[PDB]
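Notes to accompany the following structure.
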Amino acid sequence: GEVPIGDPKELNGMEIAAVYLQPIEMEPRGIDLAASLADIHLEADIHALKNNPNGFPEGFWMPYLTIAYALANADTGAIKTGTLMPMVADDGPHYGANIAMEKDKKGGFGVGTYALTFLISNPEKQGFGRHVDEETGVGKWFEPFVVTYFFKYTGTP
Amino acid sequence: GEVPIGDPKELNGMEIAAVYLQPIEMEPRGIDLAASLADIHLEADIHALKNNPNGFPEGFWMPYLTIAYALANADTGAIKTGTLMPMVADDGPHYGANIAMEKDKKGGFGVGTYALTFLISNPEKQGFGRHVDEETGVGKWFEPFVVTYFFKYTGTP
Amino acid sequence: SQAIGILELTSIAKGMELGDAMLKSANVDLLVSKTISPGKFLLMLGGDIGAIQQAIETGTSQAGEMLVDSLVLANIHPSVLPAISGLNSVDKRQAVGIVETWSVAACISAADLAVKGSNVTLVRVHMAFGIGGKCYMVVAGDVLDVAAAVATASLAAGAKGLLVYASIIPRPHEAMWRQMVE
Amino acid sequence: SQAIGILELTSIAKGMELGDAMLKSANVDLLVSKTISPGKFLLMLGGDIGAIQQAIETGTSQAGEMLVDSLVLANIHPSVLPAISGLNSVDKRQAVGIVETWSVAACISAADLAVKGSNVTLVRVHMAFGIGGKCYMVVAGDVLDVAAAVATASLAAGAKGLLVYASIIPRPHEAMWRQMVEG
Amino acid sequence: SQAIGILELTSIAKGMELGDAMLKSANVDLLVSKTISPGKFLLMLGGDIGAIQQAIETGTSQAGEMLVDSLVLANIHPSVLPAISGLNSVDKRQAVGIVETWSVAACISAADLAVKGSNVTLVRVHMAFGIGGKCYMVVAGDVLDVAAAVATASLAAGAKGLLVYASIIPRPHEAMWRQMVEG
């Protein structure tokens, strides 16, 4: 029961799609927003495309990535910012985090038209290495870039 | 040109195999041992088995794992300890680190019979989360355990 | 399958008093019972998890203000039990393994993992000076078996930063072999 | 009817030197002769009050600046003498008594009153660390006898505030009983 | 004609590790191998000067930062070797000698000069607490022989101010002789 957000993008050898669903309980606690305090859980699906320049196998999830999120409702003009954390679910590993919408104390994040902007950085920032040998080496990591998606929030599912 | 180390083990829903090859140059520098200072590069191949209890898809690499390594030559009795770093190569993502053998200043880590003991911890230690919902939740993470393999070092390749 | 219980008291008499009470409280075997500098008393018990938990509870409950410290180690190899109270027979003198760690807690956990992670025989576990002082485990077996056990033990104690040093000694000298046995 | 003498020296050699001198000075038996931390020497002698007094006097007079401490305990039970130097036979395991006191002086005085005030047998008196460190007395006999001895000993050491702890253990476990007797 | 090597480590395991290494490094006999307070390890080896020098070199080279102290004593009497590792028989009751010195280094050197300067037999050399603590030598023989040995040993340690005390005990008491013989 996942709601799709806009159209997926293919760049830097990786596929980037966005989906929204019911709030989830993540362990350990005290990190991600409480399920009871959130309305929806936003998850970013990142998988390597064919012939990735980072040596990543097709279909494999991209780990150790630094991904921040920005959601703005075009109707109210309200804008919030946050970061995506790496986690594993029944549908595999992905970057997800509970986010308050209607339950937002500041308000303006209810049902309406919303735009999502994700900021992704190289895995070198998290201490992930890359071979540079002639035999088993790979190309340089992609520079930091942003992706934009547009979708209509039908409310908490 | 990778040399296999002992037999692979299947536990905690993940397959854990060990291999050694020629020294590699990893970015950023100042982390992994210099290629010219090392004799071999030890890499740990970790992929999820069928019906993994962590929700991990079959064949997908296991990320955010904390893995320390111990190599001891039974001939000389010399024993060294170190940690494996996550990195990407042409053959995909794995945990690898350059290690000095014949070039080891302490010596005793040359050609002969060697035993490898890896200490692997839960990814929760590295801040990796896990869903616990009824719909998309997964089982608890595996407790910390050790694995042992036996192989003969034929020298720097 | 077994469990190790540790109780430290500040009084020698109370230590002996707590010893009789604990032994009668449940079916457990006394591993260690001696006075430590400057005037404390150390007690170590072994047995089933249920029995050890009850015995340790009873001892601490009756220890009063003389109680120094207490700890329970569950899921420990059964070969570790007589290695602390005494020495297991070593039919092979071919190779010896020695891992010294800070505190008996780290040494016990390391020895347990070592025996379970190899086919080597655990010779003995020695506490140089109390449960907080330097402790050491002794392993014996094939060269390949001893190395794996020592490596496994080194990682365990090293994870807590209580590891002092590890050494695998194949073909020990006759004078050294006697020292190892004694 | 007997007496206990204690002499402490700061030199190991002088301790051995004084040991030979004291033993030749009078008819007394050596109870203890060992080096103590950090580098002192402890000597203990037993015998008649007259012989013990002369030996302790001779030892102190020749000790010089190496003398650490000295003490003479008069009117002590004769069963205390081999209890300090070794262990007394105890065919009965029915009841065991343990009383720990500060300093061997308090422990000795407590044991003397204990033996004279009961029908229990004194197994041994142990000094954990020197004559100034924690000391303990071990008694054995009937449940009623051991209790009286333990009570009597506790009062003695308690009057000086040197009593650590007292415990009466009837029907001691086989592992604990052997350890207590063989200590 | 022989040599004595001393090595102190801060790690018990490394001490045992270096012990096996040193014994295999050269043809030398292990005299002492025990842990010292608070958690150090002491190793003593005996043998030819060449073998001892190589063994001590090998041990120190592999000791690393765990090395506490090291020393090599050349031209030492061969009777000193089993006196340190164990005890030489003291069948003679004519006279007994005891010389206590600061550090085992001073005690060893005093004994070497003593043995070469007399006809007395060195019974044993005992280290109370490590190589830095109080050490003592035991000699036995004729009254004239024991006195000469004690005088020679006292002069050696006294020149460095490491002499604790000296005593010549002719015709030792049966109780004192046994303690001396078993000590």
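Chain labels run A, B, ... following the order of the structure tokens; each chain numbers its residues from 1, and ligands are numbered from 1 in the order shown.
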Per-residue nearest contacts of chain D to chain E (10 Å; only C-alpha atoms) as a tab-separated table:
```
residue	atom	partner	partner_atom	distance
D:10	CA	E:164	CA	9.8
D:11	CA	E:164	CA	6.8
D:12	CA	E:100	CA	7.0
D:13	CA	E:165	CA	5.6
D:14	CA	E:165	CA	6.2
D:15	CA	E:165	CA	9.6
D:16	CA	E:98	CA	8.1
D:17	CA	E:167	CA	6.0
D:18	CA	E:167	CA	9.5
D:19	CA	E:176	CA	7.1
D:20	CA	E:176	CA	6.1
D:21	CA	E:169	CA	8.8
D:23	CA	E:173	CA	7.0
D:24	CA	E:173	CA	6.9
D:29	CA	E:175	CA	7.9
D:30	CA	E:175	CA	7.0
D:31	CA	E:175	CA	9.9
D:33	CA	E:179	CA	7.9
D:34	CA	E:183	CA	9.1
D:35	CA	E:128	CA	7.6
D:36	CA	E:128	CA	9.1
D:37	CA	E:129	CA	8.7
D:38	CA	E:129	CA	8.2
D:39	CA	E:134	CA	6.6
D:40	CA	E:134	CA	9.7
D:66	CA	E:165	CA	9.9
```
**Message:** Taking only C-alpha atoms into account, find every residue of chain A that has an atom no more than 7 Å from chain B, and write it out as a PyMOL selection string.
**Reply:** chain A and resi 24-28+54-57+60+63+86-93+128-133+136-138
Writing out the chosen residues with C-alpha atoms as a PDB file, in the first residue's frame:
```
ATOM      1  CA  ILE A  24       6.484   2.890  10.560  1.00  0.00           C
ATOM      2  CA  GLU A  25       8.176   1.994  13.849  1.00  0.00           C
ATOM      3  CA  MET A  26      11.961   1.878  13.481  1.00  0.00           C
ATOM      4  CA  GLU A  27      14.558   0.441  15.860  1.00  0.00           C
ATOM      5  CA  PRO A  28      16.375   1.754  17.755  1.00  0.00           C
ATOM      6  CA  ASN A  54      30.592   3.215  -9.565  1.00  0.00           C
ATOM      7  CA  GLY A  55      30.892  -0.530 -10.107  1.00  0.00           C
ATOM      8  CA  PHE A  56      27.496  -1.066  -8.492  1.00  0.00           C
ATOM      9  CA  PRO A  57      25.517  -4.121  -9.694  1.00  0.00           C
ATOM     10  CA  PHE A  60      21.542  -3.505  -5.796  1.00  0.00           C
ATOM     11  CA  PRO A  63      24.184   2.326   0.673  1.00  0.00           C
ATOM     12  CA  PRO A  86      19.145   4.195   5.895  1.00  0.00           C
ATOM     13  CA  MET A  87      16.961   1.306   7.071  1.00  0.00           C
ATOM     14  CA  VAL A  88      15.719  -2.169   6.162  1.00  0.00           C
ATOM     15  CA  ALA A  89      12.124  -3.332   5.745  1.00  0.00           C
ATOM     16  CA  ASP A  90      10.216  -6.381   4.508  1.00  0.00           C
ATOM     17  CA  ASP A  91      10.544  -4.988   0.981  1.00  0.00           C
ATOM     18  CA  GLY A  92      14.317  -4.647   1.293  1.00  0.00           C
ATOM     19  CA  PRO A  93      16.720  -1.850   2.310  1.00  0.00           C
ATOM     20  CA  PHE A 128      32.886   4.568   1.781  1.00  0.00           C
ATOM     21  CA  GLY A 129      35.881   3.737  -0.398  1.00  0.00           C
ATOM     22  CA  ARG A 130      36.401   3.092  -4.100  1.00  0.00           C
ATOM     23  CA  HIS A 131      39.065   1.132  -5.974  1.00  0.00           C
ATOM     24  CA  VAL A 132      41.156   3.125  -8.445  1.00  0.00           C
ATOM     25  CA  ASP A 133      43.363   0.340  -9.799  1.00  0.00           C
ATOM     26  CA  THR A 136      39.337  -3.579 -10.546  1.00  0.00           C
ATOM     27  CA  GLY A 137      39.048   0.189 -10.179  1.00  0.00           C
ATOM     28  CA  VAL A 138      35.994   2.317 -10.905  1.00  0.00           C
TER      29      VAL A 138
END
```
**Request:** Measure the distance from CA of residue 151 (chain A) to CA of residue 34 (chain A) in Å and round it to one decimal.
**Result:** 24.3 Å
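The two atoms in question, CA of residue 5 (chain C) and CA of residue 150 (chain C), are spaced 24.3 Å apart.
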**Request:** Just the residues within 12 Å of region 106-112 of chain A, please, counting only C-alpha atoms, with nothing from its chain fewer than 2 positions along; format it as a PyMOL selection string.
**Result:** chain A and resi 38-40+71-80+99-104+114-115+150-157
Neighbours of residue 144 (chain A) within 9 Å (only C-alpha atoms; same-chain residues fewer than 3 positions away dropped), as an mmCIF file with N, CA and C atoms, in the first residue's frame?
```
data_model
loop_
_atom_site.group_PDB
_atom_site.id
_atom_site.type_symbol
_atom_site.label_atom_id
_atom_site.label_comp_id
_atom_site.auth_asym_id
_atom_site.auth_seq_id
_atom_site.Cartn_x
_atom_site.Cartn_y
_atom_site.Cartn_z
ATOM 1 N N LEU A 119 18.270 15.866 -1.842
ATOM 2 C CA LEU A 119 19.670 16.217 -2.058
ATOM 3 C C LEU A 119 20.580 15.048 -1.707
ATOM 4 N N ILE A 120 21.219 14.479 -2.724
ATOM 5 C CA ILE A 120 22.040 13.291 -2.543
ATOM 6 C C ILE A 120 23.522 13.597 -2.736
ATOM 7 N N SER A 121 24.347 13.072 -1.838
ATOM 8 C CA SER A 121 25.788 13.291 -1.894
ATOM 9 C C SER A 121 26.541 11.983 -2.117
ATOM 10 N N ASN A 122 27.827 12.094 -2.440
ATOM 11 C CA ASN A 122 28.670 10.924 -2.665
ATOM 12 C C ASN A 122 28.857 10.102 -1.394
#
```
**Asked** Which parts of region 91-160 of chain C does DSSP call helix (DSSP H, G or I) when run on the backbone here, written out as a count of residues only?
**Response** 30
So that each row is one residue of chain C with an atom at most 7 Å from chain E, can you give its shortest atom pair and the distance in Å to one decimal, using only C-alpha atoms, rows by chain and rising number, as a Markdown table?
```
| residue | atom | partner | partner_atom | distance |
| --- | --- | --- | --- | --- |
| C:98 | CA | E:13 | CA | 6.9 |
| C:99 | CA | E:13 | CA | 6.8 |
| C:100 | CA | E:13 | CA | 5.7 |
| C:134 | CA | E:39 | CA | 6.6 |
| C:164 | CA | E:11 | CA | 6.8 |
| C:165 | CA | E:13 | CA | 5.8 |
| C:166 | CA | E:13 | CA | 6.7 |
| C:167 | CA | E:17 | CA | 6.1 |
| C:172 | CA | E:20 | CA | 6.4 |
| C:173 | CA | E:20 | CA | 6.7 |
| C:175 | CA | E:30 | CA | 6.7 |
| C:176 | CA | E:20 | CA | 6.2 |
```
Write out, as a short mmCIF file (atom, residue, chain, number, x, y, z; two decimals), in the first residue's frame, the residues just selected, with C-alpha atoms.
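Full text of out29.cif as output:
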```cif
data_model
loop_
_atom_site.label_atom_id
_atom_site.label_comp_id
_atom_site.auth_asym_id
_atom_site.auth_seq_id
_atom_site.Cartn_x
_atom_site.Cartn_y
_atom_site.Cartn_z
CA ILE C 98 47.64 -17.95 25.61
CA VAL C 99 45.36 -14.90 25.74
CA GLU C 100 45.69 -12.40 28.59
CA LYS C 134 44.88 -9.24 34.74
CA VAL C 164 46.64 -7.18 26.87
CA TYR C 165 48.44 -9.51 24.46
CA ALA C 166 47.97 -12.72 22.47
CA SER C 167 50.52 -15.36 21.48
CA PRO C 172 57.35 -25.05 23.18
CA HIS C 173 60.68 -25.71 24.92
CA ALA C 175 61.42 -25.84 30.24
CA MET C 176 58.60 -23.70 28.86
#
```
**Request:** State, in Å with one decimal place, the distance from CA of residue 153 (chain C) to CA of residue 113 (chain C).
**Result:**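 Separation of CA of residue 153 (chain C) and CA of residue 113 (chain C): 6.5 Å.
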**Message:** I want to know what sits within 9 Å of residue 111 (chain C), based on only C-alpha atoms, with residues of the same chain fewer than 4 positions away left out; could you give that as number ranges by chain?
**Reply:** C: 76-77, 80, 99, 106-107, 115-116, 122, 125, 136-139, 149-150, 152-153, 156
The selected residues should be written to file as an mmCIF file, in the first residue's frame (atoms: N, CA and C atoms).
```cif
data_model
loop_
_atom_site.group_PDB
_atom_site.id
_atom_site.type_symbol
_atom_site.label_atom_id
_atom_site.label_comp_id
_atom_site.auth_asym_id
_atom_site.auth_seq_id
_atom_site.Cartn_x
_atom_site.Cartn_y
_atom_site.Cartn_z
ATOM 1 N N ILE C 76 27.793 -20.054 28.628
ATOM 2 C CA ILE C 76 29.234 -20.275 28.605
ATOM 3 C C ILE C 76 29.564 -21.737 28.326
ATOM 4 N N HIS C 77 30.648 -21.959 27.588
ATOM 5 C CA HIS C 77 31.127 -23.306 27.295
ATOM 6 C C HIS C 77 31.412 -24.076 28.583
ATOM 7 N N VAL C 80 35.002 -24.312 30.113
ATOM 8 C CA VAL C 80 35.513 -23.149 30.831
ATOM 9 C C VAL C 80 35.409 -23.332 32.342
ATOM 10 N N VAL C 99 45.968 -16.215 25.926
ATOM 11 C CA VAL C 99 45.365 -14.900 25.739
ATOM 12 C C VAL C 99 45.113 -14.226 27.081
ATOM 13 N N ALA C 106 36.188 -10.345 30.890
ATOM 14 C CA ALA C 106 36.597 -10.369 29.489
ATOM 15 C C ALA C 106 37.292 -11.677 29.128
ATOM 16 N N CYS C 107 38.100 -12.186 30.052
ATOM 17 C CA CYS C 107 38.830 -13.430 29.836
ATOM 18 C C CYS C 107 37.883 -14.620 29.739
ATOM 19 N N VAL C 115 36.645 -21.722 22.785
ATOM 20 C CA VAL C 115 36.356 -23.151 22.807
ATOM 21 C C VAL C 115 35.228 -23.504 21.844
ATOM 22 N N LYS C 116 34.229 -22.630 21.771
ATOM 23 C CA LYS C 116 33.073 -22.852 20.907
ATOM 24 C C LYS C 116 33.381 -22.551 19.442
ATOM 25 N N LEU C 122 40.786 -26.234 26.015
ATOM 26 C CA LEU C 122 41.122 -25.187 26.973
ATOM 27 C C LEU C 122 41.836 -25.768 28.186
ATOM 28 N N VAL C 125 42.267 -21.351 33.002
ATOM 29 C CA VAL C 125 42.076 -19.907 33.070
ATOM 30 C C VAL C 125 42.570 -19.379 34.412
ATOM 31 N N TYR C 136 44.079 -14.531 32.416
ATOM 32 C CA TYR C 136 44.610 -15.187 31.226
ATOM 33 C C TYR C 136 43.981 -16.552 30.980
ATOM 34 N N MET C 137 43.826 -16.896 29.705
ATOM 35 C CA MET C 137 43.298 -18.196 29.313
ATOM 36 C C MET C 137 44.380 -19.021 28.619
ATOM 37 N N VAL C 138 44.344 -20.333 28.819
ATOM 38 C CA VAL C 138 45.324 -21.225 28.209
ATOM 39 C C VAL C 138 44.652 -22.277 27.334
ATOM 40 N N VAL C 139 45.033 -22.316 26.060
ATOM 41 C CA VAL C 139 44.471 -23.283 25.125
ATOM 42 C C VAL C 139 45.549 -24.215 24.583
ATOM 43 N N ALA C 149 41.479 -20.378 17.799
ATOM 44 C CA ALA C 149 40.961 -20.105 19.133
ATOM 45 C C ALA C 149 41.538 -18.812 19.697
ATOM 46 N N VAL C 150 42.847 -18.642 19.548
ATOM 47 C CA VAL C 150 43.529 -17.446 20.030
ATOM 48 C C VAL C 150 43.038 -16.204 19.296
ATOM 49 N N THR C 152 40.085 -15.878 17.825
ATOM 50 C CA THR C 152 38.713 -15.672 18.272
ATOM 51 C C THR C 152 38.673 -15.005 19.644
ATOM 52 N N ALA C 153 39.539 -15.462 20.542
ATOM 53 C CA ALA C 153 39.620 -14.904 21.887
ATOM 54 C C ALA C 153 40.113 -13.459 21.869
ATOM 55 N N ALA C 156 37.325 -10.922 20.918
ATOM 56 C CA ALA C 156 36.343 -10.748 21.985
ATOM 57 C C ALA C 156 36.819 -9.760 23.044
#
```
**Request:** Per DSSP on the backbone, filter region 66-109 of chain E down to the residues in strand (DSSP E) and report them as a PyMOL selection string.
**Result:** chain E and resi 67-76+95-102
**Asked** Could you name the residues that touch residue 120 (chain C) at 9 Å or less, counting only C-alpha atoms, but leaving out those on the same chain fewer than 3 positions away, as a PyMOL selection string?
**Response** chain C and resi 114-115+117+139-142+144-146+148-149
File of the preceding selection, N, CA and C atoms, as a tab-separated table (two decimals), in the first residue's frame:
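Output below, filename result-v6.tsv:
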```
chain	number	residue	atom	x	y	z
C	114	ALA	N	36.28	-18.92	22.39
C	114	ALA	CA	37.41	-19.63	21.83
C	114	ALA	C	37.13	-21.12	21.70
C	115	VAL	N	36.64	-21.72	22.79
C	115	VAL	CA	36.36	-23.15	22.81
C	115	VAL	C	35.23	-23.50	21.84
C	117	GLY	N	34.45	-21.80	19.20
C	117	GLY	CA	34.81	-21.40	17.85
C	117	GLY	C	35.98	-22.17	17.28
C	139	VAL	N	45.03	-22.32	26.06
C	139	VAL	CA	44.47	-23.28	25.12
C	139	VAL	C	45.55	-24.22	24.58
C	140	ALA	N	45.14	-25.41	24.17
C	140	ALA	CA	46.06	-26.40	23.63
C	140	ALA	C	45.40	-27.24	22.54
C	141	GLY	N	46.19	-27.65	21.56
C	141	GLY	CA	45.69	-28.44	20.46
C	141	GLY	C	46.58	-28.35	19.23
C	142	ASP	N	46.00	-28.66	18.07
C	142	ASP	CA	46.72	-28.55	16.81
C	142	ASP	C	47.08	-27.10	16.52
C	144	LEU	N	46.72	-25.34	13.83
C	144	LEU	CA	45.61	-24.66	13.17
C	144	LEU	C	44.48	-24.37	14.15
C	145	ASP	N	44.22	-25.32	15.04
C	145	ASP	CA	43.16	-25.18	16.03
C	145	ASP	C	43.47	-24.11	17.06
C	146	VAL	N	44.70	-24.10	17.55
C	146	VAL	CA	45.13	-23.14	18.56
C	146	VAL	C	45.10	-21.70	18.05
C	148	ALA	N	43.24	-20.39	15.60
C	148	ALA	CA	41.86	-19.96	15.44
C	148	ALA	C	41.23	-19.57	16.77
C	149	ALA	N	41.48	-20.38	17.80
C	149	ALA	CA	40.96	-20.10	19.13
C	149	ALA	C	41.54	-18.81	19.70
```
Show which residues sit within 7 Å of region 3-5 of chain D, as a tab-separated table (two decimals) with C-alpha atoms, in the first residue's frame. Count only C-alpha atoms, and ignore same-chain residues fewer than 2 positions away.
```tsv
chain	number	residue	atom	x	y	z
D	7	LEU	CA	58.40	-9.25	66.86
D	44	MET	CA	56.21	-15.29	66.40
D	45	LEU	CA	57.28	-17.34	69.42
D	46	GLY	CA	55.37	-19.39	71.99
D	47	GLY	CA	56.09	-20.73	75.45
D	48	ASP	CA	56.08	-19.89	79.16
D	49	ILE	CA	55.58	-16.27	80.23
D	52	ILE	CA	58.67	-15.36	76.23
D	56	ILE	CA	61.10	-10.51	73.33
D	71	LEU	CA	53.93	-7.36	71.66
D	72	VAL	CA	53.60	-9.98	74.40
D	73	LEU	CA	50.34	-11.78	75.18
D	74	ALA	CA	50.25	-13.40	78.63
D	75	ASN	CA	47.77	-15.93	80.05
D	76	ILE	CA	46.90	-17.48	76.69
```
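Using only C-alpha atoms, we find that the part of chain C lying within 7 Å of chain B comprises residues 143, 144, 147, 148, 151, 152, 155, 168, 169 and 170 of chain C.
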